[PDB]
Amino acid sequence: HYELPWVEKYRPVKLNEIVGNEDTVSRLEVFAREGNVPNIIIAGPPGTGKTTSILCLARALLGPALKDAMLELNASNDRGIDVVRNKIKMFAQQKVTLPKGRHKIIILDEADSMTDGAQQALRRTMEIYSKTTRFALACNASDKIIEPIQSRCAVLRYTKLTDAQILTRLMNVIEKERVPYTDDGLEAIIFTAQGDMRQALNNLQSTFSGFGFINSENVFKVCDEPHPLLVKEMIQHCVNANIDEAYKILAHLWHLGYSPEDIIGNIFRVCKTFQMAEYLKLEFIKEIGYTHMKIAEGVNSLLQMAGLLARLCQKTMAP
Amino acid sequence: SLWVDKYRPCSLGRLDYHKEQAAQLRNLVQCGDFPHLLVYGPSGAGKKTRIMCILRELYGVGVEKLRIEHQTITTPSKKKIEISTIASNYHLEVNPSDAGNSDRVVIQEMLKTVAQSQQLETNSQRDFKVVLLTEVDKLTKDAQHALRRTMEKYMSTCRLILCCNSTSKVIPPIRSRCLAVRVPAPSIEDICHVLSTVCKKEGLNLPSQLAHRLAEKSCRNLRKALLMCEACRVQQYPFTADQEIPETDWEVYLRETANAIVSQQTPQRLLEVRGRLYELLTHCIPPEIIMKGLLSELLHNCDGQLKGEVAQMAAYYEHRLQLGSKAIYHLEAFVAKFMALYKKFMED
Amino acid sequence: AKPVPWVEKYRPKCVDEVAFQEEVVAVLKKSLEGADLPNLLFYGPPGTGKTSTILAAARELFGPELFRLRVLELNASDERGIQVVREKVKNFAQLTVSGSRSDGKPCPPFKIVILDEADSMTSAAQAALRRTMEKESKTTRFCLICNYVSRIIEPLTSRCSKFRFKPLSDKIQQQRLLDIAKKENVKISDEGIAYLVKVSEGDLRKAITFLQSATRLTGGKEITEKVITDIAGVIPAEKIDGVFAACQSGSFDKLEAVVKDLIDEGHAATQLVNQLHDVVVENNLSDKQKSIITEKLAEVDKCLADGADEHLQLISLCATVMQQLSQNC
Amino acid sequence: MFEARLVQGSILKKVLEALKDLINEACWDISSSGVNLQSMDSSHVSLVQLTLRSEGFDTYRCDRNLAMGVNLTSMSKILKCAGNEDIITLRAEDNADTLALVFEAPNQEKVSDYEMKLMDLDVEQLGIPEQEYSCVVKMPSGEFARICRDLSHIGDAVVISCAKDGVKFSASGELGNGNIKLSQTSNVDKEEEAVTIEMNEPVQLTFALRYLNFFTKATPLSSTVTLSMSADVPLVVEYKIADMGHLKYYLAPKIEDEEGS
Amino acid sequence: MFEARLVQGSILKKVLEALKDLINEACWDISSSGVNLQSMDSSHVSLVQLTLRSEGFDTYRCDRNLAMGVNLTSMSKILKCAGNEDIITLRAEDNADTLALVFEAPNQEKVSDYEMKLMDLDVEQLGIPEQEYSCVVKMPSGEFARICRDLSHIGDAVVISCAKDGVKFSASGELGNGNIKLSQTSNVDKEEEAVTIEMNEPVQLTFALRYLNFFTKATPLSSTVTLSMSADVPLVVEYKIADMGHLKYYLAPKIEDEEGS
Amino acid sequence: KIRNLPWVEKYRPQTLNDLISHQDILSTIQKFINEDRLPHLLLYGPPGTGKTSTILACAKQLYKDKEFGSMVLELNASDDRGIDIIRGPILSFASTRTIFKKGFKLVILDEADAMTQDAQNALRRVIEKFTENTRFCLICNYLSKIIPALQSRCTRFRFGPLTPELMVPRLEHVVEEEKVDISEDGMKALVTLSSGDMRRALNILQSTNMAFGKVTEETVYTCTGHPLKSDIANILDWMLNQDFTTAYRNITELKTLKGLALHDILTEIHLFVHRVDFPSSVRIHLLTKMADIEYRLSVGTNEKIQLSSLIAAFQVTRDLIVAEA
DNA sequence: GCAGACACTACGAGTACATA
DNA sequence: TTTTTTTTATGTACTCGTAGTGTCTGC
Ligand SMILES: Nc1ncnc2c1ncn2[C@@H]1O[C@H](COP(=O)(O)OP(=O)(O)OP(O)(O)=S)[C@@H](O)[C@H]1O
Ligand SMILES: Nc1ncnc2c1ncn2[C@@H]1O[C@H](COP(=O)(O)OP(=O)(O)OP(O)(O)=S)[C@@H](O)[C@H]1O
Ligand SMILES: Nc1ncnc2c1ncn2[C@@H]1O[C@H](COP(=O)(O)OP(=O)(O)OP(O)(O)=S)[C@@H](O)[C@H]1O
Ligand SMILES: Nc1ncnc2c1ncn2[C@@H]1O[C@H](COP(=O)(O)OP(=O)(O)O)[C@@H](O)[C@H]1O
Ligand SMILES: [Mg+2]
Ligand SMILES: [Mg+2]
Ligand SMILES: [Mg+2]
């Protein structure tokens, strides 16, 4: 036997062990206790626990009838126009005896990869056989799922995890794993995770396996500080036409080994949600796209990024 | 047959202008080891006449017996595209710009089949064939980058005579591989001599003043000058000194479009000018000639401290037009910038 | 006994015939001796000798009987997609090195893949080449030829030992052109060969083409400087002085007139940009005026590099230098 | 006025899918001796001769010598609706510009007529010289269908030589050459398998692969295939369609490329 | 020098049509004892071992040992054009890359030399454990191929169980369960049809159906296939050719997880 | 035995101890291997830092030579890696057991940035469902080309650029095993021109050993063609001190004599501008101008005109700097 | 034994889209 | 309170129609 990593070994098996989104998880716990759950779409950031919530709800609702009354489909399966017509539909008509308030659950994980025609063919088999079967969909970008499917469900939306919600499960994993720690190292783990519980467990396991103790510099020796938190400060330095500090942060990110594509992509994501004027943001985005054209055609050096920073500083001083 | 085709010279010694260049081209192709040629100059100068005179000098008189040949080429997207081709018993002429952006496929498949095949008759036909690539300035950069190894590997068997208007659109990999032959436009006196010789060969009398006005109105284009000379013969046989010369409709339409630009500077006038530019673009007029005619007419109504900024604006928006794909955006941007500059100049 | 033009007749057959590219020629010469030949990347201006060096090298290493079985040459003239790299290049790189030379000359234990004009390869097709060179380098070698190294991705740049082909110096080009003229029974004056090596600007193919064309034009007599000037498309100095007189006049009508004169006489705008820049960097203008005139010359040359119209770029550059000359008036 | 009747419907179901991908038109020339079809491609590489005599038709009425042209795109969709062992009758009037094609059952009350527009094409007869070749050999039809499909997996151009030992089929490519020499199979029960050589001058020539593979789907039309070729005369492939006539094919040699370093 | 010679060409045809959709390239290991072939599939799940004895060849000579990497997609297009009552010649020089596949046509006249190009894929030698199997079952290849086809209709992966009574095939599929249990059917006139059990320990393993039906394409090679199975070491589908050698197959079991409940 | 291989492949770190720079990451990876708890890895960084060699050393340490074909399914950008491969061979490799010896398998996906988004989306549940039986290693250069679900599933180790302090002894080992005469300035030139990349350092060393036979600063800067620091300082001194024609003549004479290229001159001048205490407006103008010149050199342009513009970009700001005072 | 009918997979063809 | 159409140049994925072809039934 091989020991599992802490991401999959410490997966919650009950709905009370899932932290974050307390109202939605509590309502899912009530549904799992009583029954008659509706069709459900859970959307959110990766690592929030949508697959965990769906699987825990299905395991608590079905129980011993799991192997015959649950159909799990993933992106590793086909889920084409033929699988919806001959596999989802045949399982929907299929007779499975169940207790009262319990239905067959068709789990369609990662429904963004589902094609538009397959989701169109999924509608009438969802509406007709709702007396016998139920659907549970999980997705990251809810815009890829078509509107008639979203109208057929209660579209639940998951938010990014609060640091205390990660911290409680970090206490849980630490006391079942007997991990020596300090407080600042766990704040470093939370800071490296950035709302991702998978990244929190991965970084905690890496720091425990590599060093055996959780302080700040043991975490930052193998993990990394998040990239757009420095890009926000460098864009802020570009806002006040301060080219020296902006180039200092750009050169620090360049000597860390980041490619120009990743740097300019995080620049664009920071400038998307930055707090400035609307016209200044628009000409900043136009300048970023003009530089990204030169990055894409082949020329990508520190000189191009410094020229982009200087043009962004020029956009402030040119009303 | 019109006057542009009935009185075209056949041999290099019959050319009335650029006779020293005709003797140089006579001495160039005599041995047969001449390199690839890049015949460039203004349109209507006589580049194709010199190329066919070179082809007459190399082979027999069989280069004037042409035929239309059709070839269907398969794209990488598996869509069949038909391309027309002028071919003779000694040479062949290709216009790859008729295929659009698929000219790279024409260079990669059509040209290699011609270049990789040695000529069937070696005694009547010479030791090499000639491929005429006409309008290589309109070629995309991918087709020009696919061209270069064909001009190096099978050069001693397949020779090339490239014809274009501007050598700035030709990449320096191609420009290094071929000897550039410059054919300037004939002056007013050479065009007057050609028109007088054509009119005397038809039994007519042509005054010097009318021939001079035909030469200035054609802007040193011998094809256009011979066409308006034939048109002036058609409309009125007595060749008066002040006989009205007919004009093409797109040029005067461009003049009226620029007059409408000057007359009002408002967004709805900009919309009407955009409709006029749509009318000009839908008649297959190239957008750089629209920009050139616009700058030719709008600078007549500008004052002396405004012409440089309008010229720089026109060149900048023409370069952005050649970088982009949609002509109407850059044309309307140039027109809107000119209206803004004209309103700022007149209101101050 | 057919005639052959001089660019292919004087194409280097061996490595010692390549001129002025001393470091890479020494590298391939030690590879000819038997040293570990690395993956090569050749880049530089046109006419410098990137294709001929590797072709003469492969002819030297393999001979006539092993060129077809050890060299795969791919250019932009054939199809190089993701599938050609994934199938044809990988199946060639996975082949066995079998067959030795019959003349007793040593045979190298690798194949050579020549990807000439690798700027035209896509970024996806270049990404499929990486572990082909990393895995199959025991039995094959890769030589990418390009003109701009920015079009080559950074993994492929890092995998290949880069050799930059410099533009040829005046001295080496002068001796090579004099040797070619001596071998062809033709004569050229000192001013003629000086103007030839000034016009060619390190392009040996252009120099050989101009020398051959002047030989055919004159017929075998003295190749003087005037046949070089009228064979190169060099604008006469009177046109440049007329352009500067129209610029110093301060009126746009004479400026349009001389720009229309230069356009109608078939002069290329690259030659006008070169001669105009040569005049501006060698006169008594101020440093600020020279600075923004040269900046306009650079941006006009760039705008001509993407194939913009000649007349509008020339009228914009002439308007800018007209404003610069008439500002101090 | 032209009206003809066929003995079997499978003749047009075996002759007309063969020229699905060769020629862009079907020009039938009416004479008193029979019908004639001489057409070329758009690439001017293959020539097809189809001559069916009048003695084998069920009926044949002819008064004038005309020339009609039939397209392929509408014709190919019609024949899939037609039968196999039925009779196919045709009708064309003197002044009408619409050829009538009927593929009715041999015992039926009603007919089925899918007419098409006559294309007014202006073509001329190039004229085959019918000169003496260098080699004339006889080959089986079904075996020729296999050996044309054989070399399609090797390269794109094949080489056919024909010496006194036999006819040599070669296909050189990046994979490996393949050599096939049919010879001396007269000791068989069937008269179909008798491979004979009639003449003697050997000629080596290269022919394109695709046009031979476009030919060998019409192999159950005839029993044997006669192969005729010379040094500069194009390769002639002869078919004999039962008792009603004969079919002739023509391939110009494929252009061989240069050899370099 | 390597010169092997197949006594009938039908033996090579049935071998390489079983590895056509399964194995990636043919890596022939050549020695004086015979021709070996030990290569995994593309998915690194199945393993094929093929050993042909030198005594089964017509003439076999091998001066020095060779490793012979040959692409099979280009190789499998040559056994399509090969006879079954015919002679197959295999040639390989000491330091060359050509592989002469010389045979005769079904018309049985002509030599047909086809060439391959050798590959330089180095491969680490995979060690066959040669351990004792806790379930050895003799079973006909026709019956093993039939119930593998019937089980592909019902499910995706099949549960194969062996015990004292006999082998048992279970397919938990979409439409339901398909259970086939066969035993002691040696009381027939034929000697090929026989189910025999040799060892004792009862195992249970799940295998992919797409490889079990791939392995049963060697049905014309052997009348009876030996099935070897145990708990740790994988399933073996063993074909023993009568006068040529043996064909040895391996297939790893699938990962299954019991429900927590 | 002697072999005919490039020095970037002849000298490959077959073990984890032969890699030089990322000591903490490799110590954590060795502790993952020794404790039999290796997770799904995401090795990303600039090229030439040793990401392929790290996972090849890991696969060589985990599995012996008699069972390497049964445990490692290595797929890179040279192979077709579509969604048919993820739903086919990769899924069948992940969901099955081992033929010879019981153990966990490894799927190495080199150049995972070149994979499509459909294959990356199909890869998520293959990683998550069969994490006990097999582990997936994704190696990329651009982390933005990998979907955030795959970044969440795999713990990431940033293989940053190789610092020249720890990059020296590996080059010393290559020099000692290759019998190469090298000076101190030659090694300094190698670790300066390499810029955190041990592949091009070995390529420069092999090319300089073949071209000259010795590795000195002059030989390295001649074989590479890079300008020396003193010549870049002289070019900056000419552009900031003298008039247009004299500085143009000096820089053109230096470029003709040394055979320099304008790209390396632009790179080193851009590096020397941030060290020189410029005003903010002057630095912004200079950065924009050199960005324009370095963009302009990517097409068929004349290099002399761009050199004149490079001089012009400093002759503009000379008067501004002096009048700033 | 050979002609007709059945489902089977391989292949050709058309279409959409690729970002946060 | 207002709706047509094929261009962008590859790479990949999806979906559907069609065509050899192995195999089964029957007189
Ligand atoms: N809310 C949570 N509470 C506790 N553990 C969690 C939570 N979310 C994630 N985890 C842990 O992270 C692992 C992976 O969570 P997942 O449910 O797979 O993430 P996800 O929400 O499905 O995101 P995607 O879209 O599938 S990448 C689980 O096995 C848990 O160990
Ligand atoms: N270094 C050189 N030594 C001798 N002859 C040369 C040299 N460079 C160029 N030539 C001559 O010029 C011809 C063209 O040289 P090429 O090697 O094709 O130039 P190039 O490097 O390929 O330029 P590009 O990038 O392909 S446009 C050769 O056939 C020679 O005749
Ligand atoms: N850390 C290192 N220690 C020692 N040698 C190294 C190191 N990194 C790279 N090298 C050398 O450089 C060669 C190439 O290293 P690679 O592992 O292929 O680089 P890489 O990390 O794969 O970069 P990319 O993104 O794949 S191009 C190796 O064979 C070594 O010779
Ligand atoms: N030397 C000449 N003598 C008389 N007519 C000429 C001469 N050169 C050109 N022409 C006429 O002028 C026109 C120029 O067109 P063309 O020769 O195609 O050159 P271009 O390709 O530059 O338009 C032709 O129609 C031709 O009849
Ligand atoms: Mg999930
Ligand atoms: Mg080249
Ligand atoms: Mg790597």
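Rules behind the numbers
- Residues numbered from 1 in each chain as written, not as in the entry; some residues may be left out.
- Chains lettered and ligands numbered in written order.
- Part of a larger assembly, values for the part shown.
- Heavy atoms only, no water.
- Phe/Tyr/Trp six-rings, centres within 6.5 Å; stacked < 30°, edge-to-face > 60°.
- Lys NZ or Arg CZ within 6 Å of the ring centre and 35° of its normal.
- Contact = heavy atoms within 4.5 Å.
- Buried area = accessible area lost by both parts, 1.4 Å probe.
- Salt bridge = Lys/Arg side-chain N within 4 Å of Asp/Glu carboxyl O.
- Polar contact = N/O pair within 3.5 Å; in protein donor to acceptor, adjacent residues only side chain to side chain.
- Near = heavy atom within 4 Å.
- Helix = DSSP H or I, 4+ residues; strand = E, 2+ residues; numbered from the N terminus.
- Areas by Shrake-Rupley, 256 points an atom, 1.4 Å probe, with all protein chains shown as cover.
- Nonpolar A, V, L, I, M, F, W, Y, C, P; charged D, E, K, R; others polar.

- Structure determination for the deposited model, as stated in its record, used cryo-EM, and the stated resolution is 3.0 Å.

1. What to know about the packing of aromatic side chains
- Throughout the structure, instances matching the rule amount to 24 aromatic pairs over all chains.
- Judged by centre distance (6.2 Å) and plane angle (80°), the rings of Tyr211(D) and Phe214(D) are edge-to-face.
- Within the aromatic cluster, the residues linked to one another by ring pairs are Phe34(B), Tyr59(B), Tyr90(B) and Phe128(B).
- Across the ring face of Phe110(C), the terminal group of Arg141(C) is positioned such that the distance to the ring centre comes to 4.9 Å.

2. Quick look at the interface of chain F and chain C
- Taken together, the contacts link 61 residues of chain F with 52 residues of chain C.
- Buried surface at the junction of chain F and chain C, summed over both partners, amounts to about 5,000 Å²; 50% is from carbon and sulfur atoms.
- Here chain F is connected to chain C by nine salt bridges.
- Of the charged contacts in the structure, one is a salt bridge between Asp79(F) and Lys90(C), with a shortest N-O distance of 3.6 Å.
- For the interface between chain F and chain C, the tally reads 22 residue pairs in polar contact.

3. Thoughts on the protein's contact with DNA strand H
- Taken together, the neighbourhood of DNA strand H is formed by 18 residues, with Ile81(A), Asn101(B), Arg104(B), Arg86(C) and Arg87(F) sitting nearest.
- In DNA strand H, the atoms that sit within 4 Å of the protein are 100% sugar and phosphate, with bases accounting for the remainder.
- At a separation of 2.8 Å, a phosphate oxygen of DNA strand H approaches a polar backbone atom of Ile81(A).
- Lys80(D) places a side-chain nitrogen or oxygen 3.2 Å from a phosphate oxygen of DNA strand H.
- If you tally residues by element for the surface near DNA strand H, the top one is helix α5 (residues 82–93) of chain C, at three residues.

4. Some words on the site of ligand 1
- Near ligand 1 you find 22 residues, and of these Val7(A), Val19(A), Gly49(A), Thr52(A) and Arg198(A) are the closest.
- Mapping the residues adjacent to ligand 1 onto the chains of the assembly identifies chains A and F.
- In the model, an oxygen atom of ligand 1 is placed 2.8 Å from a nitrogen or oxygen of the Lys50(A) main chain.
- In this structure, an oxygen atom belonging to ligand 1 sits 2.8 Å away from a side-chain N or O atom of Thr51(A).
- Summarising the interface, the protein chains cover 99% of the accessible area of ligand 1, which totals 640 Å² for the free molecule.
- Broken down by secondary-structure element, the contributors of at least two residues to the shell around ligand 1 are α3 (50–62) and α10 (197–210) of chain A together with α6 (124–129) and α7 (148–153) of chain F.
- Within the shell around ligand 1, the residues separate by chemical class into nine nonpolar, six polar and seven charged.

5. Notes on the site of ligand 4
Residue and element names in this part refer to chain B.
- Neighbouring residues of ligand 4: 16 residues in total, closest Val4, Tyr17, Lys47, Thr49 and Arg223.
- Backbone polar atom of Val4 to an oxygen atom of ligand 4: 2.5 Å apart, as the coordinates give it.
- Contact distances for ligand 4 include 3.2 Å between an oxygen atom and a backbone N or O atom of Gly46.
- For ligand 4, the protein covers 91% of the area, taking 550 Å² as the surface of the free molecule.
- Per element, the largest residue contribution to the shell around ligand 4 is four residues, and it comes from helix α3 (residues 47–58).
- In terms of residue class, the shell around ligand 4 is built from seven nonpolar, three polar and six charged.

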